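Everything on this sheet refers to the single structure shown next.
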Amino acid sequence: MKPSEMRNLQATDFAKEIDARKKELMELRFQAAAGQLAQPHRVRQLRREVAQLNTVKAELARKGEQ
Amino acid sequence: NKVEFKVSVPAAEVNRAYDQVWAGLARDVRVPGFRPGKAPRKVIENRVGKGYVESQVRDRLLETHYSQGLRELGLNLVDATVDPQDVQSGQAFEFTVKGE
Amino acid sequence: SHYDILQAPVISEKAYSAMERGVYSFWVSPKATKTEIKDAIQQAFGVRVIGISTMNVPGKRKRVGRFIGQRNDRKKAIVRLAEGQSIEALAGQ
Amino acid sequence: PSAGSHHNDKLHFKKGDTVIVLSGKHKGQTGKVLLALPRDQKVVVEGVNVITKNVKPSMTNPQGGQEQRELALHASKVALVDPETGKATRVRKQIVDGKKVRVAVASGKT
RNA sequence: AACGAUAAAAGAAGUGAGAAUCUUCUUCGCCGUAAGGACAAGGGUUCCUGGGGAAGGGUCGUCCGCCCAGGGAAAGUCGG
RNA sequence: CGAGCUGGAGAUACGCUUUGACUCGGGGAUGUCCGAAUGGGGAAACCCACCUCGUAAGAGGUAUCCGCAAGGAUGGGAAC
């Protein structure tokens, strides 16, 4: 989520997580308008993890370029 | 003074038992999904088919027994405690309700 | 790109009676075209689509109060298949 | 109502310590604090018990008389009181955790 | 005082806590280069389904173009 | 800082926290569309492009004024 055991990934598998939570949340909305969603926290934490990706790679564009 | 009453119901008259209540209530309950008159199959079990099924029917049948029980006798009974039992995939359903 | 452009599912009675032959419909974001979404519904599930539409869809709604009413705009897309009768399990719903 | 900004955002008590009640009803009534917050400044002690009744429109056979719940309070009590008398905080010691301060008056235990 | 053109109404059936005034039926009448129908500007979601009844409706109101929930307008060729 | 938090409207459930959450300090990164806005157009938030980099997506450039290597500039400020 933040440890050094995550930012070590390159720009191939690390970016794969970006489109991993967006698609997952997509199958969570259909249950919100059908009465099958019983995990309100499945959205809060999810979106919170999505931000823990585009922020890391963004740091690899200033610390290694100046 | 503690007495526990029980009942054993065969899976013979349990399936159709819900098929008449589920479809029966659906023709009355107001669901934003569809209008009161047409119901698919795989939609009601997703809307309230979680705790508004075996639970509602259970509390409904039991309440009827206590209600009519006071209409045929006319004497308030004592205090009883109903206990919710785990529901199976669709077979014999038993329960245990005792009291003082 | 493929999983993007979304909004909310559909559950009417007409959107279902027609879904029996192969007529799906999934809402989309307040901003989307027809060419970009076309390749976001086929590569999302795995089937070719012919028809697809998308346009602003407002809906003023409220209860009580003097705080006006909000206008929520959510475009809707009604795709269609040629030979594909089912995709996964959403058709047998 | 200033959101009860009279005092401050902290609390001189915890949610697992023994706190009594005074300057009110039931004198010398000891108990344990459960729920409490610095915002609206509310305290839930197992000592002060107030019989209340809940009202529910229609939730699958209502049937609810007068249940037994607790009542929230304010800074009308004294937290950490074992010397059979109300005290405060003025002795700060340490053991093996230099990341947490201690409280004491003439004893040392808490 | 007035309840907003002197194109009127009647009965039966139903509903309901309660109906002259809601519904159904069958009659009566009035418009018919219109008091029919289709567009444009303009309004905005008033539309349809189920509910409701304080307020608006110059009486009632169980009804509404009133209040709430939901749903409803998918065109390479009609307009732009 | 510290053992609570999950905004006002306080309601329901799921959850976030003693491997130091919330909150307070203070820096960073994201920053749709409009708005001098300056890509071109335009009844503000709408329409239409072109080029370069490139798996799709996606990113950046694209007014005019003075010097014309950098850079600065025409907009906004109650009152003074």
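Computed from the coordinates by the stated procedures, all read-outs in this text should not be read as laboratory data. Cβ coordinates were reconstructed from backbone atoms using ideal geometry, including for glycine residues, and neighbour counts include every protein chain displayed.
Things worth noting here:
- Extending 7 Å from Cα along the Cβ direction at D:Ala104 and again at B:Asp28 yields two label points whose distance is 7.0 nm.
- Here is how the number arises for the protein assembly as shown: DSSP H runs of 4 or more residues each give -39500 (n - 2.57), the sum is divided by the residue count, and the result at 222 nm is -6500 deg cm²/dmol.
- Region B:4-20 - phi-based ³J(HN,Hα) in whole Hz, Karplus 6.51/-1.76/1.60, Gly and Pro as x: 10, 9, 9, 8, 10, 9, x, 5, 5, 10, 9, 5, 4, 4, 8, 5, 8
- Solvent-free Debye scattering, log10 I(q)/I(0), computed from the Cα coordinates of chain B at q = 0.19 Å⁻¹: -1.07
- The calculated pair-distance distribution of chain A uses every alpha carbon pair, bins of 5 angstrom beginning at 0, and gives 4, 14, 22, 20, 14, 10, 8, 4, 2, 1, 0 percent.
- Ranking of C:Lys75, B:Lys6 by count of other Cβ atoms within 10 Å, fewest first: B:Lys6, C:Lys75
- Computed from backbone phi, the HN-Hα couplings of region D:88-103 come to 8, 9, 6, 10, 10, 10, 8, 10, 10, 10, x, 10, 9, 8, 10, 10 Hz, rounded to whole numbers (Karplus: 6.51 cos²θ - 1.76 cosθ + 1.60, θ = phi - 60°; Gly and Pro given as x).
- Reference-scaled alpha-carbon Rg (2.2 N^0.38 Å with N residues) for the protein assembly as shown: 1.47
- Working note: Karplus 6.51/-1.76/1.60 with θ = phi - 60° gives region B:38-46 the couplings 10, 9, x, 5, 8, 9, 5, 6, 9 Hz, where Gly and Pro are set to x.
- C-alpha center-to-center spacing [region D:32-58, region B:34-100] in angstrom: 33
- Among the listed pairs A:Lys2/A:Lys23; A:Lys2/D:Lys93; D:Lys53/D:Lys87; A:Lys22/D:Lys56, those with a Cα-Cα distance over 32 Å are A:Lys2/D:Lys93; D:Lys53/D:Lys87; A:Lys22/D:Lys56.
- Based on Cα contacts under 8 Å between residues 6+ apart, chain C shows a relative contact order of 34 percent.
- Kirkwood Rh and Cα Rg combined as Rg/Rh, chain D: 1.08
- Estimated FRET transfer efficiency when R0 is 22 angstrom, pair A:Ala38-C:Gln85 (beta carbons, to 0.05): 0.10
- Short-range pairs are left out: with C-alpha atoms under 8 Å and at least six residues apart, the relative contact order of chain B is 52 percent.
- 21 Å tail of the calculated P(r), chain C, as % of Cα pairs: 37
- Spatially close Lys pairs in chain C, defined by Cα atoms under 14 Å apart and a spacing of eight or more places or different chains, total 5.
- B:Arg35-D:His7 pseudo-label distance in nm [points 7 Å out on the Cα-to-Cβ vector]: 6.0
- Amide N proximity, region A:1-42 versus A:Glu59 label position 7 Å along Cα-to-Cβ, cut-off under 11 Å: A:2-8
- Taking a straight Cα-Cα cut-off under 29 Å and skipping sequence neighbours fewer than 8 places away in the same chain, the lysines within cross-link reach of B:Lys6 are B:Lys50, B:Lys98.
- Theoretical FRET efficiency, 1/(1+(r/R0)^6), r = Cβ-Cβ of C:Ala15 and A:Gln66, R0 45 Å, to 0.05: 0.20
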